[PDB]
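Everything on this sheet refers to the single structure shown next.
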Amino acid sequence: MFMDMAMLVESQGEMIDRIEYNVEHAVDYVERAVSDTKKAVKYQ
Amino acid sequence: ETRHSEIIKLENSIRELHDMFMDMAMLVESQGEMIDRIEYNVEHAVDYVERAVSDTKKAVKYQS
Amino acid sequence: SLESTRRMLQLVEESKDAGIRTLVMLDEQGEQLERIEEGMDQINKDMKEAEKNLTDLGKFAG
Amino acid sequence: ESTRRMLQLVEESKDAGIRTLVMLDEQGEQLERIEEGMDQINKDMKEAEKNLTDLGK
Amino acid sequence: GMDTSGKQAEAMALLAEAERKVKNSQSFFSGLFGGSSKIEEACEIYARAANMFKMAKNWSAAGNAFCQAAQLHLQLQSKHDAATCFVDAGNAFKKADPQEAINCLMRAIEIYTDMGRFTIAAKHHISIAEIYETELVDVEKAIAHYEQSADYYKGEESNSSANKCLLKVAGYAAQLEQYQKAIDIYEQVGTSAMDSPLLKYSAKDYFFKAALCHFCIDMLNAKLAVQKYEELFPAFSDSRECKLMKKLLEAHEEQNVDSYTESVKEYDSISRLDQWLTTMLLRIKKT
Amino acid sequence: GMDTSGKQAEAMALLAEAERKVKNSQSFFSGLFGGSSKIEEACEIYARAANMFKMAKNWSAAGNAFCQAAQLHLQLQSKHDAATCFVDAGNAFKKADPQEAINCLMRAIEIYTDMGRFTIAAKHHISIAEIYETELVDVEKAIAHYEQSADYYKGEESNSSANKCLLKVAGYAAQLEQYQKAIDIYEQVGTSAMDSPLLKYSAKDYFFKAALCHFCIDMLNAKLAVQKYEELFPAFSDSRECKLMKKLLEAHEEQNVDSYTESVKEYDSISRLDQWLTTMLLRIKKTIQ
Amino acid sequence: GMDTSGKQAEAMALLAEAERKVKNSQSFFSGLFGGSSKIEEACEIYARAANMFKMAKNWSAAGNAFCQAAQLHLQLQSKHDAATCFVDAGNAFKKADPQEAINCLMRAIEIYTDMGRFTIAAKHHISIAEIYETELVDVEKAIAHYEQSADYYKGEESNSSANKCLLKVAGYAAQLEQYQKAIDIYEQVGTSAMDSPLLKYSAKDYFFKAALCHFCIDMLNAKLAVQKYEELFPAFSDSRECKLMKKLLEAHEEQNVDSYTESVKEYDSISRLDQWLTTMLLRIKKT
Amino acid sequence: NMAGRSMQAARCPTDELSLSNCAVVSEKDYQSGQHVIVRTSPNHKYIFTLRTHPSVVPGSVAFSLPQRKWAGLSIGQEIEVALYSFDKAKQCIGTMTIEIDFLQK
């Protein structure tokens with residue numbers, strides 16, 4: 001059971017790292033998007 | 001008498017393992033508790049973003 | 001002897017119960033993490049496409 | 001010979017528990033950061049879209 | 001202390017400003033036809049006022065404000081934000097007076113199932129069932145809610161989630177002098193986890209419970225059930241559950257009450273039992 | 001190295017650029033009225049300079065720039081980004097100046113809660129208490145902050161975090177503060193764990209701590225409390241700690257300091273101390289007269 | 001495989017029409033000066049063709065397409081997209097030819113650091129260090145990257161990642177016979193782990209390693225160091241590490257190889273020894 | 001030299017010198033027959049006699065294994081060595097009692 005734990009939690013760790021990368025990517029992208037959209041609205 | 005020494009060692013190690021799992025339980029429970037809240041937040045975020053973007057794009061595209 | 005038997009049996013039984021409980025518990029966290037992964041992918045794709053289309057429309061207007 | 005097996009496997013299980021503990025602590029450390037990032041993005045998108053909709057009127 | 005008093009005072013002021021806002025906004029809509037931005041402003045003010053009410057440690061009024069905002073917003077042709085407001089009102093009403101909390105959570109469930117999401121609906125169902133169990137004595141509504149949540153979880157291919165609800169339903173059914181549903185759930189869950197490397201360790205325990213709940217009827221049926229389970233789970237005899245069941249059977253066959261009680265006491269000594277098992281064994285010992 | 005010197009030089013250059021840019025932005029708004037693009041651009045330049053400066057291994061001016069940018073952004077009716085920048089500046093000043101970091105963190109706490117979020121505010125309270133206690137010699141402020149965090153968590157029915165905060169507060173109180181609050185909190189947490197899924201065998205330690213705390217008051221209260229625990233929790237009856245308590249009480253009853261010393265020594269040999277029971281035992285033994 | 005290779009040839013044609021878009025930028029964009037979205041969709045089709053190459057297992061071609069798309073997209077705008085394209089190119093280059101992957105990852109490091117996101121910067125630093133170790137033989141660059149990543153992680157109070165990175169750095173330095181840094185890092189990590197209740201079990205091992213390193217430099221000072229560790233941690237003598245170290249040092253007082261050989265064989269008799277410990281013992285006990 | 005200069009511990013270059021119980025130093029530093037005080041701490045001061053050997057690097061005082069064991073010195077460490085003068089009318093050695101035993105078992 002300890003070994004099964006170890007392996008399962010290792011998989012969980014890998015995929016949590018992946019999702020964290022993705023969420024930070026999305027955060028930065030949306031921040032830049034809102035900045036650009038507000039600038040464009042100001043241009044009008 | 002050597003059996004007494006080895007069983008004392010067994011007692012120490014077994015108590016250590018018991019306390020270790022005792023610790024583990026609360027940590028994993030807190031992890032799950034945080035997981036549920038992040039799930040709620042992400043579902044609310046996606047739902048609101050989807051509906052708002054759809055509605056506003058439809059409103060701004062069909063006014064012309 | 002008897003005391004060793006008793007202590008070892010009780011502690012082993014407690015450890016077994018705790019271990020089986022945590023083994024059962026891990027699955028809910030795994031499934032929740034998978035679901036949030038799917039939701040994050042949906043959010044990222046939808047927002048990216050929406051922003052790109054909106055920028056294209058803004059360029060068309062201008 | 002049974003006693004030696006008990007000793008060896010007990011120490012192996014102890015080491016496995018310690019390393020699992022370290023890894024779990026790492027995951028717990030990461031969880032709060034991802035949660036804060038989610039909250040920040042949520043607030044940013046909400047305020048941005050609300051302001052844009054208000055300006056649209 | 002001082003913080004709560006100040007928040008409450010400014011929240012009363014904000015409520016006065018909000019009633020003024022709604023009245024003057026409807027008047028201005030009638031007399032000028034300004035649009036609908038003022039209604040959105042009123043909704044935002046109401047949401048902020050409800051949050052401030054929650055700050056002041058006044059959950060009832062905070063929930064009232066949340067529900068008012070939810071109804072106004074759904075009147076503004078938008079449900080999901082009203083759904084969030086309803087859920088927040090239910091959370092606020094969890095303490096103090098939860099009677100309206102149940103109804104508001106039911107409304108949230110209704111709107112969500114109208115939208116389609118299953119998992120949030122199941123979560124609300126289980127939350128309502130837990131509220132009923134902890135705060136009310138009527139277990140029929142809790143059983144219905146748990147059964148519905150288990151069905152929804154099973155439909156969504158979430159076997160692990162449905163298992164917990166099914167186990168709770170089986171336990172409460174066994175509590176209320178009902179064994180057929182409990183027996184069926186116990187045997188089904190025991191069979192389900194047969195091939196899993198992880199859950200196989202648990203496979204034995206549930207079976208034992210089933211056997212114990214199959215002895216509440218008679219003796220011969222209990223023997224048939226235990227031998228059938230052993231045939232299906234040859235390793236089951238390895239554990240002490242089978243030995244204890246056989247000891248109980250032989251002791252009750254010869255009306256050996258004292259040996260049965262002594263064996264139960266020694267089993268408790270080696271490993272303590274819970275209220276469910278203790279009361280079940282006491283009921284069994286009644287005859 | 002070239003990297004640090006160049007980073008600091010360009011940080012000074014861009015700080016001068018941002019200062020002249022804000023002055024020229026005032027001049028523009030008074031002369032051309034171009035809107036708010038100027039101020040937002042100045043804030044973005046300030047944020048870029050602050051982040052690169054905090055890369056540059058110098059923290060004080062980076063946090064100062066973060067705070068200034070947050071203030072200028074809040075000047076434009078924006079709070080979320082201002083609050084996040086306040087949090088970042090407090091994090092930066094954590095290793096530079098505790099007082100300014102604490103001011104920024106409390107400002108972030110109040111603005112975030114005013115927005116309507118409590119759990120984040122609870123985490124901020126916990127961090128503030130931790131930074132107080134780790135480097136500054138103070139407890140009362142930490143106790144109050146932990147109590148507020150527990151209250152916020154319980155308001156959001158976060159049982160685990162609230163219970164952890166309450167247990168930490170009770171331990172700190174028992175260390176210095178009186179026993180009544182510690183007694184009540186320990187008894188509550190012990191009685192609220194009789195049917196925990198994974199912690200069915202955990203409340204015994206909390207009941208042991210409560211019994212020891214009771215023993216610090218008087219002998220009669222000690223024996224009455226242990227009897228009440230015995231009656232309330234049958235499992236505690238078969239606990240090694242219960243036998244230890246009975247042995248210690250009997251040894252102290254006859255004023256046999258040797259019996260108490262040998263009992264505690266045997267307990268230590270069987271089980272290693274925890275650094276918290278030893279001080280209580282020493283205090284009790286000091287009043288053996 | 002082959003039909004997908006035909007569509008990969010079609011993706012080469014897509015790159016050819018992307019070159020036609022570059023020709024548009026060169027000549028026809030004078031009348032299409034507003035066609036910035038044309039350049040954006042040119043980058044999009046570049047990325048799609050690169051993905052098609054990725055499916056075709058043309059790692060070099062996919063990496064070249066990624067690098068070209070990154071270079072074209074970094075028109076002083078959308079910096080994060082350019083950094084993502086660069087890291088994608090590096091991942092494509094992870095296999096086959098990773099040398100240019102190092103430069104692309106360094107550029108991505110610079111860009112992400114310019115944003116100020118230290119987590120991803122340290123992650124990529126660890127990535128380049130590990131690919132260096134598993135592909136190239138140079139260790140000084142790897143150790144420098146490890147140091148930089150550990151400093152970045154420690155800046156944001158991330159103690160665990162920095163501690164593990166520093167443990168690896170100390171091990172590598174010990175391999176490169178720089179023992180002062182190794183002992184310093186091992187002592188720091190041990191004292192940090194002991195402080196928290198959750199990390200008190202591991203401490204023993206760390207101490208052992210540190211002691212060994214110290215015993216490599218000064219034999220006489222080894223006794224003082226082990227005594228200091230013993231008094232610092234009263235529960236250090238009980239564990240087998242302290243007993244074995246005491247046996248080894250008390251046997252080394254006299255020139256008796258049999259004693260240490262038997263001791264090491266007996267200690268190995270309970271558990272296998274790793275390459276690091278075996279090599280360290282073989283080198284140190286030679287004289 | 002008279003006041004005291006920093007020096008580095010070194011191993012005795014030759015076994016023959018290891019039999020002389022002399023703190024071997026380079027020719028460029030001191031002269032044979034001089035007596036110096038080795039300082040490692042405010043309380044731990046000892047005195048050695050200097051003998052010149054070609055292999056000694058300047059600025060390092062070589063100590064045989066017995067000297068290192070007696071003074072607790074570590075090769076490569078820093079010490080302060082100053083010139084020590086013996087009062088021939090007071091510090092001259094009249095009678096010694098010494099303990100002698102087999103070096104190797």
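Letters for chains follow the order of the structure tokens (A, B, ...), residue numbers begin at 1 for each chain, and ligand numbers begin at 1 in the order shown.
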
Give as a VMD selection string every residue of chain G that touches chain B within 12 Å, counting only C-alpha atoms.
chain G and resid 197 to 201 235 238 to 240

Prev. selection, N, CA, C and O atoms, output as a PDB file, in the first residue's frame:
ATOM      1  N   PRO G 197       8.308  19.765  13.157  1.00  0.00           N
ATOM      2  CA  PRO G 197       7.988  18.399  13.603  1.00  0.00           C
ATOM      3  C   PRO G 197       7.846  17.407  12.465  1.00  0.00           C
ATOM      4  O   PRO G 197       8.040  16.205  12.685  1.00  0.00           O
ATOM      5  N   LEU G 198       7.514  17.865  11.259  1.00  0.00           N
ATOM      6  CA  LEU G 198       7.287  16.962  10.140  1.00  0.00           C
ATOM      7  C   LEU G 198       8.577  16.444   9.517  1.00  0.00           C
ATOM      8  O   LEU G 198       8.543  15.409   8.847  1.00  0.00           O
ATOM      9  N   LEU G 199       9.709  17.118   9.727  1.00  0.00           N
ATOM     10  CA  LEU G 199      10.958  16.750   9.071  1.00  0.00           C
ATOM     11  C   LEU G 199      12.047  16.423  10.087  1.00  0.00           C
ATOM     12  O   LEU G 199      13.212  16.776   9.891  1.00  0.00           O
ATOM     13  N   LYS G 200      11.686  15.741  11.174  1.00  0.00           N
ATOM     14  CA  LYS G 200      12.659  15.355  12.187  1.00  0.00           C
ATOM     15  C   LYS G 200      13.222  13.956  11.973  1.00  0.00           C
ATOM     16  O   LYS G 200      14.277  13.638  12.531  1.00  0.00           O
ATOM     17  N   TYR G 201      12.547  13.117  11.183  1.00  0.00           N
ATOM     18  CA  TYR G 201      13.028  11.755  10.975  1.00  0.00           C
ATOM     19  C   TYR G 201      14.232  11.726  10.041  1.00  0.00           C
ATOM     20  O   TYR G 201      15.194  10.987  10.279  1.00  0.00           O
ATOM     21  N   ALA G 235      18.926  12.302  20.591  1.00  0.00           N
ATOM     22  CA  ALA G 235      18.472  11.072  19.954  1.00  0.00           C
ATOM     23  C   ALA G 235      19.252  10.746  18.685  1.00  0.00           C
ATOM     24  O   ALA G 235      18.719  10.075  17.790  1.00  0.00           O
ATOM     25  N   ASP G 238      21.374   6.976  19.450  1.00  0.00           N
ATOM     26  CA  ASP G 238      20.604   5.738  19.392  1.00  0.00           C
ATOM     27  C   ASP G 238      20.600   5.152  17.986  1.00  0.00           C
ATOM     28  O   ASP G 238      20.733   3.934  17.813  1.00  0.00           O
ATOM     29  N   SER G 239      20.450   5.999  16.972  1.00  0.00           N
ATOM     30  CA  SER G 239      20.340   5.514  15.604  1.00  0.00           C
ATOM     31  C   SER G 239      21.636   4.840  15.165  1.00  0.00           C
ATOM     32  O   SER G 239      22.724   5.147  15.658  1.00  0.00           O
ATOM     33  N   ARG G 240      21.505   3.906  14.219  1.00  0.00           N
ATOM     34  CA  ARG G 240      22.643   3.081  13.824  1.00  0.00           C
ATOM     35  C   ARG G 240      23.747   3.899  13.166  1.00  0.00           C
ATOM     36  O   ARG G 240      24.905   3.471  13.152  1.00  0.00           O
TER      37      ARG G 240
END

Using DSSP on the backbone coordinates, identify the residues of chain H assigned to alpha helix (DSSP H); present them as a PyMOL selection string.
chain H and resi 15-18+65-71

Find the residues of chain G in contact range of chain C, meaning any atom within 10 Å when counting only C-alpha atoms, and list them as JSON, numbers by chain.
{"G": [34, 35, 36, 37, 38, 40, 41]}

Keeping only C-alpha atoms, write the selected residues to a file as a PDB file, in the first residue's frame.
ATOM      1  CA  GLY G  34      -3.149  47.601 -42.152  1.00  0.00           C
ATOM      2  CA  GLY G  35      -2.788  43.850 -42.620  1.00  0.00           C
ATOM      3  CA  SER G  36      -1.168  43.278 -39.236  1.00  0.00           C
ATOM      4  CA  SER G  37      -3.761  40.564 -38.644  1.00  0.00           C
ATOM      5  CA  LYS G  38      -2.338  39.086 -41.849  1.00  0.00           C
ATOM      6  CA  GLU G  40      -0.773  37.307 -37.042  1.00  0.00           C
ATOM      7  CA  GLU G  41      -2.478  34.621 -39.133  1.00  0.00           C
TER       8      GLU G  41
END

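The two identical-sequence chains, chain E and chain G, differ by a C-alpha RMSD of 1.1 Å after optimal least-squares superposition.
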
Residue list for chain A near chain G as a PyMOL selection string, 8 Å, only C-alpha atoms
chain A and resi 28-29+32

Could you write out that same residue set with N, CA and C atoms as a JSON list (two decimals), in the first residue's frame?
[["chain", "number", "residue", "atom", "x", "y", "z"],
["A", 28, "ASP", "N", -1.36, 35.21, -17.41],
["A", 28, "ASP", "CA", -0.57, 36.23, -18.10],
["A", 28, "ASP", "C", -1.23, 36.61, -19.42],
["A", 29, "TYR", "N", -1.74, 35.62, -20.16],
["A", 29, "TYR", "CA", -2.35, 35.90, -21.45],
["A", 29, "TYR", "C", -3.56, 36.81, -21.29],
["A", 32, "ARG", "N", -2.52, 40.44, -20.48],
["A", 32, "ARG", "CA", -2.09, 41.17, -21.67],
["A", 32, "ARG", "C", -3.29, 41.50, -22.56]]

Could you tell me which residues of chain C sit within 8 Å of chain A when counting only C-alpha atoms, and give me the result as an NGL selection string?
:C and (19 or 23 or 30 or 33 or 37 or 40 or 44 or 47 or 51)

Store the residues of this selection in a file with C-alpha atoms, as a JSON list (two decimals), in the first residue's frame.
[["chain", "number", "residue", "atom", "x", "y", "z"],
["C", 19, "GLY", "CA", -3.86, 2.93, 5.38],
["C", 23, "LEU", "CA", -6.10, 4.52, -0.08],
["C", 30, "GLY", "CA", -7.37, 12.39, -8.22],
["C", 33, "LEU", "CA", -7.69, 17.21, -10.16],
["C", 37, "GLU", "CA", -7.51, 19.99, -15.66],
["C", 40, "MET", "CA", -8.69, 24.73, -17.33],
["C", 44, "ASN", "CA", -7.82, 28.49, -22.03],
["C", 47, "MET", "CA", -10.61, 32.65, -23.99],
["C", 51, "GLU", "CA", -9.71, 37.26, -27.79]]

Check: which chain F residues lie within 10 Å of chain A using only C-alpha atoms, as a PyMOL selection string
chain F and resi 34-37+40

Just to confirm, what's the straight-line distance from atom CA of residue E:145 to atom CA of residue E:125 in Å (one decimal)?
5.8 Å

Pick out the residues sitting within 9 Å of residue D:14, and hand them over as a list in words; count only C-alpha atoms, and ignore anything fewer than 4 positions along from it in its own chain.
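Here the qualifying residues turn out to be residues 13, 14, 16, 17 and 20 of chain B; 9, 10, 18 and 19 of chain D; 201 of chain G.
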
Within 12 Å of chain G, which residues belong to chain H? Use only C-alpha atoms and report them as a ChimeraX atom specification.
/H:65,68-77,103-105

Near-residue C:18 list (9 Å; only C-alpha atoms; drop same-chain fewer than 6 positions) as a count of residues only:
6
